[PDB]
Amino acid sequence: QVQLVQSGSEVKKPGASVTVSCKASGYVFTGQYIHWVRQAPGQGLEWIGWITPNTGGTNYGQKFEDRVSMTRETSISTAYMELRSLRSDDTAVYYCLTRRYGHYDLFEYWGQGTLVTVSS
Amino acid sequence: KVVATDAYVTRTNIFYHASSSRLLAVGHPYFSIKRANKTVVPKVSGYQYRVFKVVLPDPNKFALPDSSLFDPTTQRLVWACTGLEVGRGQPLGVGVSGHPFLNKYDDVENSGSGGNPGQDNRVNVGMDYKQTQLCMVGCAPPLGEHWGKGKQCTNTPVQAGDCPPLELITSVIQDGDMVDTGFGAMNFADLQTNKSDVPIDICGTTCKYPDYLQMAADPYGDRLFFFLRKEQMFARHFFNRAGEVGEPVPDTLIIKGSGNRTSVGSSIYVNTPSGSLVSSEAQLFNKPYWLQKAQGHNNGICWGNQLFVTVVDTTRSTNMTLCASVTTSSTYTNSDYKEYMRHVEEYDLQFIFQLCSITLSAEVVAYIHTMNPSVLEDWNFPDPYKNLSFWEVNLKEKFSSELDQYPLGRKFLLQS
Amino acid sequence: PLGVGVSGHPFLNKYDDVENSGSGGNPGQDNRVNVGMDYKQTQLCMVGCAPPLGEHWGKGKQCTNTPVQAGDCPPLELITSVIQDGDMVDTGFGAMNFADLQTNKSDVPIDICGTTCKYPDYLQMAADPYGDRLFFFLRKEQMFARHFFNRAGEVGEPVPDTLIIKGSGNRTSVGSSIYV
Amino acid sequence: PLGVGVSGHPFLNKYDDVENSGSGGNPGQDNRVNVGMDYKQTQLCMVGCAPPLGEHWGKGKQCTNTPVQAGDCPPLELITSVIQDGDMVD
Amino acid sequence: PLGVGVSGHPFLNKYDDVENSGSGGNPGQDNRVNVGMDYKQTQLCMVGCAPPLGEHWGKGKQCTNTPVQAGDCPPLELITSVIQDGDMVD
Amino acid sequence: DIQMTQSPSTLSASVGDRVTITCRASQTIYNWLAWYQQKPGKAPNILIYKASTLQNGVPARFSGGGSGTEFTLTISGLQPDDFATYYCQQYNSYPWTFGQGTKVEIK
């Protein structure tokens, strides 16, 4: 079974950098599109960005194109996302998720979510 | 009505040699860049029709070694082609093509299973074309066919972007014309509107193929002497295009229904061809060719001192990659470097010609006038070709009767 | 015993495998990966009483007119150079000087990065007045492609606008038009 | 120009590729996907004064004796008919 | 009947396939992988009154001068012996 | 960026009822749409995609429709497990965007 496991919840000081990892297994890891989104308490879902292990080709949203840097590794097939200049409003849960478009199907997988808290 | 040329022309024991020396073509393999409408780097590719217009010395005003045979009255002199040599010098190499915005959305073979990513867009994809190896020689420029959007439909239809009629446009194959492809030899600049169903080299041009039927069906055979062809292709991947089907499949053949269904897939399936292996043994160049007897009624006669040689070769189509630095850094940075695609193509054209004469009789004058009067005012007893673009070579003041000083002359004296 | 030669490069700008599908994404600072590769199969013997030469592409004279530029396409010129021992045979990437014209020293295997492969010019073995460089020559060369990929880095000659339609999200940053 | 064509089906009984690995055994409700292909490479010329007859395997006469069936295997018959234009290559 | 001889290794140094991509360049403690293999196809007949010679690349004598080394490159040499029964093919 | 508005933002209904939730798109989307429901503390999953297509393993009480910018989802008969937060997401263009959400809770 395709299993996706994120890192544990983290609390950090503002202005620092966070690193969120999630390991995936049970499928051909290289050929899929992995995505980062975040959910804030009281607000809706929004999309951070997307990368594939092929090429490490990054794509970031217009909102968060500056404060983020995100890569992958194929040794144990895990994607990393780091955030810089931690603003206090960024305390939220973070989800990495993958999807395979089929001929007539959509294969959807999410991580368990990681809570990121920032405060003085 | 029409008789063979050798019934009236006369072949002499005179042989000259000509050489085009080093011919080079360097330029971008996909598009011609121009800054302020000035094409510094034109279209140069191994996938390009190479049409060479050879201009010839006038044999009448040439310094003939034996003018006693020549008579100014009732006798004129023309050049007759005997042997040809196409000197490729570049190494073996398969061209690479592609396009960054193409309709590559589902992989039917399901090894990849692309699955048609969301919303109407494109994706980068590349491939190679077929191995095409063609050479033509003639006294008239070649004529080739392509289908296109010609005259409108029958009656008075009212429509908005439906399927246009297909017409077989036959056009003269000039330099700048794009080679046949495994995707079909159409006018993709006009007939295709996406400019995204094919790689970048052929999206804005008109591919066309030499229609051998009308080519041989000419009464005089001026447009051919002899053709050499080798083609190789095989489909390596299968895929479909996006968009809607304007000619839907009938329900009488396909059963629809239930979830994850009731939306038919595209009925449009095409392929990516490949040439597979090239070899020096399969090469048809860098070897002497001898014109024993043409298929038509034109035994190597070059009327009007004009010659047409057209070659296409894919074995020497390797694409050269260049890199340069804007600045430099301690670490490898993508911004400091600029990348260029440059293609080269090397040619030699080496010929051996035999001197030919003619006796002017009344029926001879009538025949030679009916087939072409332009030469009749040429010998002085508005050429449409100025409009079309060819690759011109001047072999005047280069003819040599000292044929033993050249390798083609050695190979010619090897046999007869 | 018969055996296929193998080369490669640990840090080559292997951007994206492009044949079956493509993954157009914004490249990072470095995206180089280890790649292995073989060459075209080549058998060749040349003999004579004079040393045979070969063509190779290179940087010719300085750029024409009076130009001021930083990273333009250099004037690419044929250089006829006599072949010595230690030189490498042409591969599928073209007979030219990679040590000068390929700036990364990373776009080919290391065996042909700092060196120059050059293909022998039969045309100057023929057009010479004596043919001292060649008595008789044998060649048999076979090659076929197995993969397609694009190249990382900027495109210094961008694609024309009238040939390509672009727009909407995930675009206005073009993909790699370099195809090898 | 020498070129090869492509056919296919948007809904073909392409359950699973079996070449190197296999998925689960029993299908679901409808596993019938987009897949295309090309056919075998054919060249054929026939010349004569009377048109050729060719054969195909078809549902001939019903089964011998008096069997009762519900979607059983029909009998196979080598049916012979003259090739007319509109027929398509094997 | 004709048939291909297939060998393999339950523990072979198959680190990373590099045909189209490359993984991280730093291995682990033991990246040693089960993988199968075939060799070249070879037909040869040889006849003589005396048993033929086979050469093989191998370690020569000790290194030149008097160096100090531990797991360095030994000097290679083309050692030629007689072909005897019980020798692996190329 | 492509925006959307989900109406109503909050609705209360009893079990076994038929409920319709709509969202309006800022620009044209055609059928590139999917729908998410999130239970508290759990990751949401796909139920409807293609703007009209149910996902497998999901009961047929869930229906979707719409075109252009107007899109609708309907439940013919509520169940206690269905009470969660609902979103419509287009996968038309990047960046991906989600609605403000719609929470349903028992009367």
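Residues numbered from 1 in each chain as written, not as in the entry; some residues may be left out. Chains lettered and ligands numbered in written order. Part of a larger assembly, values for the part shown. Heavy atoms only, no water.

Structure determination for this PDB entry is given in the record as cryo-EM, at a resolution of 4.3 Å.

*Asks:* Could you give me a rundown of the overall build of chain A, with the residues and numbers involved?
*Replies:* Broken down by element type, chain A carries zero helices and 11 strands. Mapped from its N terminus to its C terminus, chain A presents α and β elements in the order β-β-β-β-β-β-β-β-β-β-β. A compact globule built from 120 residues would reach a C-alpha radius of gyration of about 14 Å, and chain A, at 14 Å, matches this within 12%. Its C-alpha atoms give chain A principal-axis dimensions of about 45 × 30 × 25 Å. A burial count over chain A gives 55% of its 120 residues as buried. At a minimum sequence separation of 6, the contacts of chain A that also span at least 24 residues come to 52%. Surface exposure of chain A reaches about 5400 Å², of which carbon and sulfur atoms provide 53%. (Helix = DSSP H or I, 4+ residues; strand = E, 2+ residues; numbered from the N terminus. Rg over C-alpha atoms; globule rule 2.2 N^0.38 Å. Buried < 20%, exposed > 50% of the residue type's maximum accessible area, 1.4 Å probe, protein only. Contact = heavy atoms within 4.5 Å. Areas by Shrake-Rupley, 256 points an atom, 1.4 Å probe, with all protein chains shown as cover.)

*Asks:* Pulling in residues and values, what's your account of the packing of aromatic side chains?
*Replies:* Pairs of aromatic rings are described using the distance from one ring centre to the other and the angle between the two planes. One pass over the full model with this rule turns up 33 aromatic pairs over all chains. Consider the rings of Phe-308 of chain B and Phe-390 of chain B, whose centres lie 6.3 Å apart with planes at 85°: the pair is edge-to-face. Aromatic rings pair up to connect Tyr-16, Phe-62, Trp-79, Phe-351, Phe-353 and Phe-399 of chain B into one cluster. Over the ring of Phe-239 of chain B we find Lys-104 of chain B, and its NZ or CZ is 4.2 Å from the ring centre. In this structure, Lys-50 of chain F packs its charged tip against the face of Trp-32 of chain F, placed 3.6 Å from the ring centre. (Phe/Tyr/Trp six-rings, centres within 6.5 Å; stacked < 30°, edge-to-face > 60°. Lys NZ or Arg CZ within 6 Å of the ring centre and 35° of its normal.)

*Asks:* Describe a nonpolar patch on the surface, and please don't skip the residues or the numbers.
*Replies:* Residue and element names in this part refer to chain C. Together, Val-47, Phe-135, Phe-136 and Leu-138 make up an exposed nonpolar region whose accessible area comes to about 400 Å². Turning to its location among the elements, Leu-138 is positioned in strand β7 (residues 137-143). For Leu-138, a relative accessible area of 46% puts it in the partly exposed group. (Patch = residues over 30% accessible without salt bridge, like charges linked within 9 Å, V, L, I, M, F, W, Y side chains within 5 Å. Salt bridge = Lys/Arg side-chain N within 4 Å of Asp/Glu carboxyl O.)

*Asks:* Help me get a handle on the state of the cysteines, residues and values and all.
*Replies:* Inspection of the entire model under this criterion finds two disulfides over all chains. One disulfide in the model links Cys-22 of chain A with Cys-96 of chain A; its S-S distance is 2.0 Å. Note that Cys-22 of chain A is positioned in strand β3 (residues 18-25) and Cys-96 of chain A in strand β9 (residues 92-101), a separation of 74 residues in sequence. The class of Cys-96 of chain A is buried, set by a relative accessible area of 0%. Paired through a disulfide, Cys-23 of chain F and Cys-88 of chain F show a sulfur-sulfur distance of 2.0 Å. Of this pair, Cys-23 of chain F sits in strand β3 (residues 18-25) while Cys-88 of chain F sits in strand β9 (residues 85-90); the two residues are 65 residues apart in sequence, bridging distant segments of the chain. The buried category is assigned to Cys-88 of chain F, whose relative accessible area is 3%. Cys-45 of chain C takes part in no disulfide bond, and the closest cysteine sulfur to it belongs to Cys-49 of chain C, at a distance of 16 Å. Of all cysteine sulfurs, the one in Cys-73 of chain C lies closest to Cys-63 of chain C, which takes part in no disulfide; the gap is 8.5 Å. (Disulfide = S-S within 2.5 Å.)

*Asks:* Quick one: what's the story with the interface of chain B and chain A, residue by residue and with numbers?
*Replies:* Contacts between the two partners involve 16 residues from chain B and, on the opposite side, five residues from chain A. If you sort the residues of chain B by the area they bury against chain A, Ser-113, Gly-115 and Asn-260 of chain B come out on top, with a joint share of 43%. Our count for the chain B to chain A interface comes out at zero salt bridges. In this structure, the connection of chain B to chain A is made through four residue pairs in polar contact. Residue classes in the side of chain B that touches chain A are distributed as three nonpolar, 10 polar and three charged. (Buried area = accessible area lost by both parts, 1.4 Å probe. Polar contact = N/O pair within 3.5 Å; in protein donor to acceptor, adjacent residues only side chain to side chain. Nonpolar A, V, L, I, M, F, W, Y, C, P; charged D, E, K, R; others polar.)

*Asks:* Tell me what's going on with the nonpolar core, and back it up with residues and numbers.
*Replies:* Burial of nonpolar side chains together is a common tendency in soluble globular proteins. In this structure, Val-54, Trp-303, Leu-307 and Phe-353 of chain B are the most contacted members of the largest nonpolar core, which totals 47 residues. When residues of this core are traced back to their parent elements, those giving at least two are β1 (9-19), β5 (50-55), β6 (75-86), β10 (131-138), β18 (306-313), β21 (349-359), α3 (362-371) and α4 (374-379) of chain B. Considering every element that reaches this core, the biggest residue donor is β6 of chain B, with seven residues. Discounting chain neighbours no more than four positions away, the residues touching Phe-353 of chain B are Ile-14, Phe-15, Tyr-16, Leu-56, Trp-79, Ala-80, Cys-81, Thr-82, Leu-307 and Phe-399 of chain B. Grouped together as the second largest cluster of nonpolar side chains are 42 residues, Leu-45 of chain A together with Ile-21, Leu-33 and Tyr-91 of chain F included. (Core = buried A, V, L, I, M, F, W, Y, C linked by side-chain atoms within 4.5 Å.)

*Asks:* Describe in detail the interface of chain C and chain B, supporting the description with residues and values.
*Replies:* The interface is formed by 69 residues belonging to chain C together with 67 residues belonging to chain B. If you look at where chain C meets chain B, you find three salt bridges. Here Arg-22 of chain B and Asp-121 of chain C are joined by a salt bridge, their closest N and O atoms 2.8 Å apart. Applying the counting rule to chain C against chain B returns 21 residue pairs in polar contact. Breaking the side of chain C that touches chain B down by element, the ones donating at least two residues are β5 (53-59), β6 (76-82), α2 (122-126), β7, β8 (149-151) and β9 (154-155) of chain C. Broken down by class, the residue content of the side of chain C that touches chain B amounts to 29 nonpolar, 22 polar and 18 charged. Examined bridge by bridge, strand β20 (residues 337-347) of chain B and β9 of chain C share two bridges and lie parallel to one another. (Pairing = 2+ DSSP bridges.)

*Asks:* Got a sec to walk through the sheet that holds β7 of chain C? Specific residues and values, please.
*Replies:* Judged by pairing direction, the sheet is antiparallel, and its three strands sit side by side in the order β16(B)-β7(C)-β4(C) without closing on themselves. One side of each edge strand has no neighbouring strand; the edge strands of this open sheet are β16 (278-279) of chain B together with β4 (41-46) of chain C. Across six bridges, the pairing between β4 of chain C and β7 of chain C is antiparallel. When the sheet's bridge partners are listed, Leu-44 of chain C is paired in β7 of chain C with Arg-139 of chain C.

*Asks:* Requested: an account of the pattern of salt bridges, with residues and values cited.
*Replies:* The final tally for this structure, using the stated rule, is 25 salt bridges over all chains. With a shortest N-O distance of 3.6 Å, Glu-346 of chain B and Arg-22 of chain B are connected by a salt bridge. Taken together, the residues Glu-346 of chain B in strand β20 and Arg-22 of chain B in the loop between β1 and β2 (23-27) connect sequence positions 324 residues apart. Taken together, the shared-partner salt bridges in this structure form one network comprising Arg-38, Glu-46, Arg-67 and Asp-90 of chain A.

*Asks:* Talk me through unusual backbone geometry; I want residue IDs and the actual numbers.
*Replies:* Between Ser-7 of chain F and the following residue, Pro-8 of chain F, the backbone shows a cis peptide bond with an omega angle of -5°. Mapping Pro-8 of chain F onto the fold places it in the loop between β1 (4-7) and β2 (10-13). Between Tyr-94 of chain F and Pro-95 of chain F the backbone carries a cis peptide bond, its omega angle lying at 5°. Mapped onto the secondary structure, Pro-95 of chain F falls in the loop between β9 and β10 (97-98). Of note in this structure, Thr-74 of chain B is not a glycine but carries a positive phi near 50°. With respect to the element layout, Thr-74 of chain B can be found in the loop between β5 and β6.

*Asks:* So what about helix α5 (residues 407-414) of chain B? Which residues, and what values?
*Replies:* All of the buried residues in α5 of chain B are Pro-407, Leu-408, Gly-409 and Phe-412 of chain B. Packed against the buried residues of α5 of chain B are β1, β6, β17 (289-290) and β21 of chain B together with α2 of chain C. Phi turns positive, to about 55°, at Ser-416 of chain B, one or two residues after α5 of chain B.

*Asks:* Give a detailed account of the arrangement of the chains, specifying residues and quantitative values.
*Replies:* For the 10 pairs of chains in contact, the largest share of contacts goes to chains B and C. Contact between chain B and chain E is absent, and the minimum C-alpha spacing across the pair is 15 Å. Considering only C-alpha positions, the minimal separation of the non-contacting chain D and chain F is 10 Å.

*Asks:* With reference to specific residues and values, describe the pairing of β2 of chain B.
*Replies:* All names here are of chain B. Residues of β2 alternate between two faces, with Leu-23, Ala-25 and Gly-27 buried on one and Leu-24 and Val-26 left unburied on the opposite face. Sheet topology note: the β2/β20 ladder contains five bridges and is antiparallel. Looking at the pairing, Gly-27 lines up with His-343 of β20.

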